[PDB]
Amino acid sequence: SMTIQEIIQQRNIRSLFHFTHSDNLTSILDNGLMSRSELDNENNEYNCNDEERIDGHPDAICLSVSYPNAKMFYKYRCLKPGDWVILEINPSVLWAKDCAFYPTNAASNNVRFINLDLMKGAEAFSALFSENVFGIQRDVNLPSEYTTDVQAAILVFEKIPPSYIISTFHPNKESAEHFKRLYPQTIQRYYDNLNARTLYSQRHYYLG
């Protein structure tokens, strides 16, 4: 059976993504990504989105494969003013860290009741690219690196050190420059015109 690494190679996956409010970025670039449970245990300040955590795994960090969860992301941009950023993360996390793989949002009733052990591993990862995910039929032109359902999720049950963050995307140049000054060894990227296909876009538009 194919390994996680083999699937990455075959599908041309190059990026994992994690959106977050800019309020969190200093702390993430300093300390790495941490779960809600761990931030609470360390008494670290953070700005979270979800007030329910219906997934049931507050000790896990949520990532996306190849494109952010543009639906949940846009919701929280409407609800929380200020700049949002998108962390780009090495696909190596998928094998190097303790990951569970979900073909849709990890809070969905379609996936959250399954034995967590069945969601680890290459078989669970391959399911993110299935021809039909709980009624979403994969488009025949969707490129190989994209999940069938834009909300497909990775839950990472340990910390992600900042060396796995390969770049960070900003919604304006000033935001990127601010963080570049503070973190000169890191890559801080930005869009000048947000009227464009950007990682802030819905995926169907981005790939259109």
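All residue numbers are counted from 1 along the displayed sequence.
- Looking at 177-185 and 62-70 together, the entry lists the larger mean B-factor for 177-185, computed on C-alpha atoms.
- Stretches 71-79 and 126-134 differ in mean CA B factor, with 126-134 having the higher one.
- Among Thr198, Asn193, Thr20, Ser15, the highest C-alpha B-factor in the deposited entry belongs to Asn193.
- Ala96: CA B factor lies in the highest third for its chain, per the PDB record.
- Residue-level temperature factors show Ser1 in the highest third of its chain, judged at the C-alpha atom.
- Among the modelled residues of its chain, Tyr46 has a C-alpha B-factor that falls in the highest third according to the deposited record.
- Compared with the other modelled residues of the chain, the Cα B-factor recorded for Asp149 ranks in the lowest third.
- Ranked by Cα temperature factor within the chain, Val156 sits in the lowest third according to the deposited record.
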